[PDB]
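To start, the structure under review is shown below, and the notes come after it.
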Amino acid sequence: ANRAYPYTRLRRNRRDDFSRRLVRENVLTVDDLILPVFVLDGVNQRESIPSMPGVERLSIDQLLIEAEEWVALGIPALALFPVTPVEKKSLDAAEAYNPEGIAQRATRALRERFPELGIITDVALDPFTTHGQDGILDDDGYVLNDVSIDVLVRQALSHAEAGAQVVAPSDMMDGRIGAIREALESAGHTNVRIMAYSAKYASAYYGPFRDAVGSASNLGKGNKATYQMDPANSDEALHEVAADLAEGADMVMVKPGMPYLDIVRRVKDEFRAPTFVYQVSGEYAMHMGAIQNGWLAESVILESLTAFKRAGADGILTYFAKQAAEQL
Amino acid sequence: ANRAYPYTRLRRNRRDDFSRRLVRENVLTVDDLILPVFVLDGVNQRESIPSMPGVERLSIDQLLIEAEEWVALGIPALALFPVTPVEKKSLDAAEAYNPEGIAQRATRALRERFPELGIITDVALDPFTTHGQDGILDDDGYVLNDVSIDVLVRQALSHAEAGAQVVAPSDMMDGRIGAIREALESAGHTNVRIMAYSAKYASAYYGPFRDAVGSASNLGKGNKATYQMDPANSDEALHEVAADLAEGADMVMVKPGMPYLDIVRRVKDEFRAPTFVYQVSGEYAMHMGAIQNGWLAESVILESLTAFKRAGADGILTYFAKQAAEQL
Amino acid sequence: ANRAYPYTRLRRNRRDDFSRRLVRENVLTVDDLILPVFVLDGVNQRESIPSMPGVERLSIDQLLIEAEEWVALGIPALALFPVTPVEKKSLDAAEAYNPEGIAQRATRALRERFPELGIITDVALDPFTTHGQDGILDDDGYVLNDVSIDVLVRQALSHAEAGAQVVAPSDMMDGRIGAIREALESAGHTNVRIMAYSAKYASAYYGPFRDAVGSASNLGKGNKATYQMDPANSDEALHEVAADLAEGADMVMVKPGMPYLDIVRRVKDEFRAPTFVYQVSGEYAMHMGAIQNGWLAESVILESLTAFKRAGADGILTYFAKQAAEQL
Amino acid sequence: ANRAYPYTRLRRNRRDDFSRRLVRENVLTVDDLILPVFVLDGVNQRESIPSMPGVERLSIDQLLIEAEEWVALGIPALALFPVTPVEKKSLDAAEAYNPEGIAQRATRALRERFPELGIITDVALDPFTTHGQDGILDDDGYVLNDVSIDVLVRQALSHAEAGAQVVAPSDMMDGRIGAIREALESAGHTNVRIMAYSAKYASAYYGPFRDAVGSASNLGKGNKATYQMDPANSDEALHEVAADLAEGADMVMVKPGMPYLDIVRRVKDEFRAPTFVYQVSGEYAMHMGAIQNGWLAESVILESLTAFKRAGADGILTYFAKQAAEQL
Amino acid sequence: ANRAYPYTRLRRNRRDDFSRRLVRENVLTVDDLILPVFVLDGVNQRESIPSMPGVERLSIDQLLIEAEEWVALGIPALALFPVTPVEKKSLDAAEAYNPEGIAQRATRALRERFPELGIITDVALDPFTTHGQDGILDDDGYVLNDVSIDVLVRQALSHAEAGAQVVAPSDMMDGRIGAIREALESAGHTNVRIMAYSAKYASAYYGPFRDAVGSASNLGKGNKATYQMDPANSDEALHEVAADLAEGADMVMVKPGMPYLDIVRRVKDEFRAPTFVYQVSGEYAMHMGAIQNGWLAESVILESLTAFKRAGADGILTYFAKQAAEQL
Ligand SMILES: *[C@@H](CCC(=O)O)[C@@H](C)NC(C)=O
Ligand SMILES: *[C@@H](CCC(=O)O)[C@@H](C)NC(C)=O
Ligand SMILES: *[C@@H](CCC(=O)O)[C@@H](C)NC(C)=O
Ligand SMILES: *[C@@H](CCC(=O)O)[C@@H](C)NC(C)=O
Ligand SMILES: *[C@@H](CCC(=O)O)[C@@H](C)NC(C)=O
Ligand SMILES: [Mg+2]
Ligand SMILES: [Mg+2]
Ligand SMILES: [Mg+2]
Ligand SMILES: [Mg+2]
Ligand SMILES: [Mg+2]
Ligand SMILES: [Mg+2]
Ligand SMILES: [Mg+2]
Ligand SMILES: [Mg+2]
Ligand SMILES: [Mg+2]
Ligand SMILES: [Mg+2]
Ligand SMILES: [Mg+2]
Ligand SMILES: [Mg+2]
Ligand SMILES: [Mg+2]
Ligand SMILES: [Mg+2]
Ligand SMILES: [Mg+2]
Ligand SMILES: [Mg+2]
Ligand SMILES: [Mg+2]
Ligand SMILES: [Mg+2]
Ligand SMILES: [Mg+2]
Ligand SMILES: [Mg+2]
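Protein chains in written order, with the deposited numbering: chain A, 6 to 333; chain B, 6 to 333; chain C, 6 to 333; chain D, 6 to 333; chain E, 6 to 333.
Rendered as structure tokens:
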């Protein structure tokens, strides 16, 4: 609009707190926060994760206890990640759909205790396979697409049966959203939301999640690269999201987060649909490490989360959800 | 994105409060609120306005007292509207730039008492002319454009001298923003913001403001129609805003509000600049009347304000600012 | 284009390395890298920076020696940051334009020794003021815009006189690019490029830079907030860039980097001009801390830089430039 | 953005090599190169092609030997073109799907010897028909669309059975991509890519390919014009590409190349999908002829390939792939 | 528009000549052709150019004779290129503005003999400098921008004085179009058109032009690269064109041609202004070489020219203009 100095001085609105508040484009609130939680089997168990300072793996009893504080803070949902015992792992990932699996038990307990709390279950095979890869392997070690979808569908159904309001398919198999949707619709789970991990990249930022859960130790290399997206590609993410919306997803997600803010922006602008983003384990760890060392002020936590809002995210999966909910 | 029932059911996200909160596109906060206030001369004066139930005209001492509660609620700014004594009115609108006028006195007092509170003064001649029209009249009763700008410029300078952080030129004279900007820059008032009333319509919704201030009793007819915009025109508002941004405005405003939400949307989308909207006296009165009669629930207040945010407004001038700041 | 599973399987292109390479949208090369360097006064001085593991402050002799390896690796440019002795600081920031200042001496030495190496000098007052703020302060501690520009202009001229091919104004004063351009043109420095820090945010990610240089210890708060951009604002960055291009900038920059990738994307798309991004000290430190702790694989370095390319950056200022130039 | 001389001088970035490198918009790499190769029957056979100086037709043993150097150079894929013996030609193009045809034998040999090398087979009937036209002819000499698709489908299946990672249907029959996709999916060849020749023009630039392979001697005239695109049409190419993506293509191609760079640009911009371009035999020959004559410097080779990248191509089929891979 | 096989078969319109003609998007006509001609000093001189088979350098008498046939064919304009005698070359390029220079003499003769024929003179210093570079050199061999513009302005004025309807500034100096326009307007040459070479690349395709004229023997390397555009850059061409239109150009040109068709497309789409393209000497030579060798049919000539029309060119500078005008 032909704005020119000195008629236009962009510092005027910045002069005072009141005018900064008046022109501020985005605001972060507790409504934007989803807390991922690592869930152990057994009872009375709490375990620190060395590569995620401050994060604990919790047995279900402990989870129920901690959840009361998260509900009180107004965090709208949890994303559950079971820490499967090694003895429950198999080549067919059968534990994924065990009605008495950790995820199913934890969902039933939380739905009963806190009916208004959102439970987002993880539809994925990596915590259940002996090899820790994100699906069923053929003879050459390749993750079979359609065979893996059969297991994911059973898993999603078992989560719906346990009372999950949202199932979140996080393994990058083609066409899984449509298959899971068809199965939920056919079984009468009309209102179970699907939060698709639509543009999930072959990233090294998932490093600490291995320590937390005990899944694949290989990250961002040749095996993952046959289903997770190449970090170099942006246009391809639009094709991923378009397919997931056509297949019935209620929400779509970009993962990792901060290293992919341009993707969040393009996805929100292109589809105008509910868009989510995951601030992953490695993003949490690198921030925490710098804070603990006195290299960065604790204020980077809210700045990092404000960035997701500005980029177009409706909600953010973040291990900082509790700390953020206090600072807000 | 080829979304189709039953794969897509838009009710799933609506099923539960937590998912509604996760997908909610806009949130209203106290940062979005500007409270207009009617200011009397003298001391220890409070007067109810019959056509604006609940709104009082206040002398400066009373204003200072009430402002403490508004600051406490976190309202970022006030928009001052002096109620000029009839004996101070003139054909040349000289009281507009009186260093001891109500607006100037009130600004000095508030800037000293509450340094962080935003003061938005009204750059307009209607409260100062004997005839109550929005400028200086020629022999035929026509509001002269450039002669009126000379007075507005002096008025804006007097507001800057009194300490106003923002001057808000509300009479629709062409080119006034550039003239006021040049004068402020030349006088060294480098950081005084200009909140232009850019797309201000020839509306009947200003009815109760006459009762509040004692300005022109004619609204939305032949005289006003020679400077205020025709309610039928939308494209013309884009040309108004473009000119005001080129001339140096820091913020641009649409007025009235709810009857012009499509204009707020087009202005925000077209220019991506700080966009404000005025929920005028008549919008306040019609809501209040219906609430008092038991015809509408008090919840329409937050719904009306949420509409401005959804349409693209960064801030809202609203007589409901105090009530809203409590309900939020 | 109505792409649907199973006719469309986005995994097919991901199946093999050769097809991933064929469809890869972006490639990072040494041509994209700019190395920031901290320069000490004196001779035979090297100092480790505790909050930036692996980064050293170097006297000019040491810089000349290290630069031979950077040139050999094919890094196209350095961005110089002098570490001003406390005794050279003043209220008028006079050392900024000292023909014998560290930046000027280092520029002359490098231009002579490596004629093809790009030297990007820092046009900024924070390393030269006693208080460490980004300009000249008035009585209230406010950074004066136009008075600061007078000093920046002299500084930019002194850099051009020392042989700098690029001057990079990094303090967010309004209109500085036009003022610096007019002065360079009037003095006959027709080909000195201006790399504007156009959208530079009021960020906490600059933490370790304080330790490196000894500038302002306050970051992302009330003083910085009167000139650096609010992290919440995206549209405002487009207005910043538009002004800098109109004023004559040859290149425009977003800072910080990864937490602002959506801004890089919008700026590149909106203006189609040479766009740069700064992976700042705090981004370097948090990555390095996690790598050193064994929490993240060293591969996150190339992933972080690939993200800037994918988002639309033409070049990247990064303390990882040497390590990246080897891994590429 | 109101850029004006002399504030803006576009020569500043051009002044020095380092700044040219910093602002360079596109870079060509070996990852962008696909080498077409002409394959003979028999053993120990190498034949020069007079109209393609430097290009040889090779028997499979020779191809295996030469391929080691191409793999070493990092060329990601070959596009195979069999030179069918006259005695193997027929009206029903049966040799197209012979499990012991040249293309099938060459694919099996290369997949075994170099597992990481991409093999792109040619799905086309012109090398197999007695008449050399691109399909099966009816009584009037018209190329029948759906009858030709039946043969192409068998051919594509035979290539998948031989181990081809990519099948590239190059005869312009309507709907062939969908038919080939359905057949591959139904047969369990889930990951065989389809590189569609989507916008293939009725061009005279294919002249030397006749000499290389021995297919149709008529080019760009009345018969070809009933399936290949009219050189005058641009919008029509968007409809061709849209259909091929809907039908399941993993990659889409424009052919010829340089005379159709505007088409490459429109296709990439319109669909944001993996886009390929063929620098055909005639483009190779005209460049080579001029180089050999001393009329053009050898640098036109990299300039020609850089043009495809700038226009939006992800990969380039080019007889210059080996020479380019050395100069890069 | 959801077009799908077999409801949509794109071959139907291709079935018959009549329907191809009905849907053909672009048509080439003699109105699109501009013939470049090389002009010698003296009388009764014709010289063949070995690297441009079929092209002759002509003295003015011969040019006048040949022009009668070009006018008869309906070619709308000639672009004149003088072949300056070595004894007329100088460091100050003074022959460029000699009222008795070849270009000026040829213009006067042609304007008198064929008043309706368009004469496009070349505003450039390379045929007049001893060194053959495209401007006046400083001590370091750098082409000075503003000093070169002073000479170009005199040259353009001398062409207007000689009767040229169009002056075509072909040396890439910044701001030259505005300078030439101001001078023409101030001298009263109100209707002299400026055909700006706006996006002229640092290309190797100009090879044969050296043989024709005797200008710089260096092409597409380090000296040319400081003013001609980098072949890798597309967005930059939009900035070049925008500046030339703002400065007063009546027509804008892309050069070279076929290797830059994507640029022609972007320029036409972005500005909707009269857009021209130069099919340069090297494009002519490579086509001619292949035709003479029997490698390409003569039909590639019309296909090459049809490509420029399809890409968005209004007119084409082409050495094939006479041959094309016959085949059309
Ligand atoms: C994503 C990783 C989350 C994190 O790193 O914090 C989840 C769904 N699991 C895997 C195996 O990628
Ligand atoms: C606008 C009217 C506000 C209202 O009606 O509440 C102001 C600036 N004044 C006039 C006279 O229109
Ligand atoms: C930017 C900070 C760079 C960093 O943190 O690495 C520079 C130009 N200086 C300041 C004071 O912000
Ligand atoms: C295209 C021609 C390639 C070339 O000319 O180099 C191929 C697929 N075949 C035909 C017959 O057009
Ligand atoms: C352009 C070259 C034309 C050609 O190669 O045919 C002209 C204007 N001159 C130069 C020196 O580039
Ligand atoms: Mg997984
Ligand atoms: Mg997917
Ligand atoms: Mg949002
Ligand atoms: Mg939200
Ligand atoms: Mg008024
Ligand atoms: Mg106006
Ligand atoms: Mg808003
Ligand atoms: Mg707001
Ligand atoms: Mg600074
Ligand atoms: Mg700025
Ligand atoms: Mg780029
Ligand atoms: Mg680059
Ligand atoms: Mg064919
Ligand atoms: Mg087709
Ligand atoms: Mg590309
Ligand atoms: Mg590529
Ligand atoms: Mg020239
Ligand atoms: Mg130019
Ligand atoms: Mg046209
Ligand atoms: Mg034309």
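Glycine is no exception: its CB is placed at the ideal position from the N, C-alpha and C atoms.
Using only the heavy atoms of ligand 4, determine whether one of them is closer than 7 Å to the beta carbon of D:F214.
Yes, ligand 4 has a heavy atom inside 7 Å of this Cβ.
Can a CB atom of chain C be found closer than 8 Å to the CB of B:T195?
By the rule that beta-carbons nearer than 8 Å mark a contact, B:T195 touches chain C.
Tell me, to the nearest whole angstrom, how far the beta carbon of A:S309 is from that of A:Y211; I am working on the premise that it is less than 8 Å.
The pair is not a contact, with the Cβ atoms about 17 Å apart (cut-off 8 Å).
Residue-level contact to chain A via CB, D:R8, 8 Å cutoff
False, the Cβ-Cβ gap to chain A never drops below 8 Å.
Would D:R277 pass as an interface residue toward chain A - the criterion being a Cβ-Cβ separation below 8 Å?
Judged by the 8 Å Cβ criterion, D:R277 is in contact with chain A.
Is A:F133 helix, strand or coil by DSSP?
In the structure shown, A:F133 sits in coil (DSSP, three-state: anything other than H, G, I, E or B).
Counting only Cβ-Cβ distances shorter than 7 Å, please list the residues of the segment 59-81 of chain A near chain B, keeping chain order.
Cβ contacts with chain B come from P81.
Would you verify that the beta carbon of A:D139 is, or is not, closer than 8 Å to some beta carbon of chain C?
Not one beta carbon of chain C lies nearer than 8 Å to the beta carbon of A:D139.
E:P132 burial status per 10 Å Cβ neighbour count (16 or more: buried):
Counting the other Cβ atoms within 10 Å of the Cβ of E:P132 gives 16 or more, which makes it buried.
Beta-carbon contacts of C:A192 that lie in its chain and below 8 Å, excluding the five residues immediately before and after:
Answer for C:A192: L162, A165, listed in chain order.
Can you grab the Cα-Cα spacing for the pair B:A247 / B:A278, in whole Å?
Computed Cα separation, rounded: 10 Å.
Check whether the Cβ atoms of residue 2 of chain D and E:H244 sit closer than 8 Å, and answer yes or no.
Because chain D spans 6 through 333 in this model, residue 2 of chain D falls outside it and cannot be assessed.
Assign B:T134 to one of two classes, buried (16 or more other C-beta atoms within 10 Å of its C-beta) or exposed (fewer than that).
Burial is judged here by how many other beta carbons sit within 10 angstroms of a residue's own beta carbon; B:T134 has at least 16 and is buried.
Buried or exposed (CB count within 10 angstroms, at least 16 for buried), E:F23
Here E:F23 is exposed. Its C-beta has fewer than 16 other C-beta atoms within 10 Å.
Chain-ordered neighbours of A:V269 on chain C, where CB pairs are closer than 7 Å:
Those are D267, listed as they occur along chain C.
Whose CB is closer than 6 Å to a heavy atom of ligand 18? List the residues in chain order.
Answer in sequence order: D:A129, D:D131, D:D139, D:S175, D:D176.
Counting beta carbon pairs with one atom in the segment 60-78 of chain C and one in the segment 111-121 of chain C, are three or more of them shorter than 8 Å?
By the Cβ criterion, the segment 111-121 of chain C is in contact with the segment 60-78 of chain C, since at least three pairs of Cβ atoms, one from each stretch, lie closer than 8 Å.
Thinking C-alpha only, which one of D:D21, D:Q160, D:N31 is nearest D:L307?
Nearest of D:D21, D:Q160, D:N31 to D:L307, Cα basis: D:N31.
Could you tell me whether the Cβ atoms of E:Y289 and E:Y265 are closer together than 8 Å?
Remark: C-beta atoms of E:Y289 and E:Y265 do not approach each other more closely than 8 Å.
Whole-angstrom C-beta distance between D:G225 and D:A207, which should lie under 8 Å:
The pair is a contact, with the Cβ atoms about 5 Å apart (cut-off 8 Å).
Tell me, please, whether the CB atom of A:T135 is closer than 8 Å to any CB atom in chain C?
Using beta-carbon distances, A:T135 does not count as an interface residue toward chain C, since no partner is under 8 Å.
Per the contact definition of three or more C-beta pairs closer than 8 Å, is the segment 28-48 of chain A in contact with the segment 265-274 of chain C?
Touching, no.
Counting only Cβ-Cβ distances shorter than 8 Å, please list the residues of the segment 227-246 of chain C near chain B, keeping chain order.
Taking 8 Å as the Cβ-Cβ cut-off against chain B, the residues of the segment 227-246 of chain C that qualify are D240, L243, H244.
What's the C-alpha gap between C:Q109 and C:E121?
When rounded, the distance between both Cα atoms is 18 Å.
Quick one: using the 10 Å Cβ neighbour count with 16 as the cut-off for buried, is C:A167 buried or exposed?
Buried, because 16 or more other Cβ atoms sit within 10 Å of the Cβ of C:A167.
Measuring only the C-alpha atoms, how far is B:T126 from B:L85?
One Cα belongs to B:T126, the other to B:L85, and the distance between them is close to 5 Å.
Pick out whichever of C:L78, C:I124, C:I141, C:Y232 has its Cα sitting closest to the Cα of C:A111.
It is C:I124.
DSSP state of B:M57 mapped onto helix, strand, coil
Note: B:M57 maps to coil in three-state DSSP.
Look at the Cβ atom of residue 370 of chain D, then the Cβ atom of D:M256, and state whether they are nearer than 8 Å.
Any question about residue 370 of chain D goes unanswered here, given that chain D covers just 6 to 333.
Taking only beta-carbon atoms, is A:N31 less than 8 Å away from chain D?
With 8 Å as the cut-off, A:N31 does not count as an interface residue toward chain D.
Along the segment 177-211 of chain C, what residues have a CB closer than 7 Å to any CB found in chain A?
For the segment 177-211 of chain C, which is checked against every Cβ of chain A, the residues closer than 7 Å are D179, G180, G183, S208, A209, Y210.
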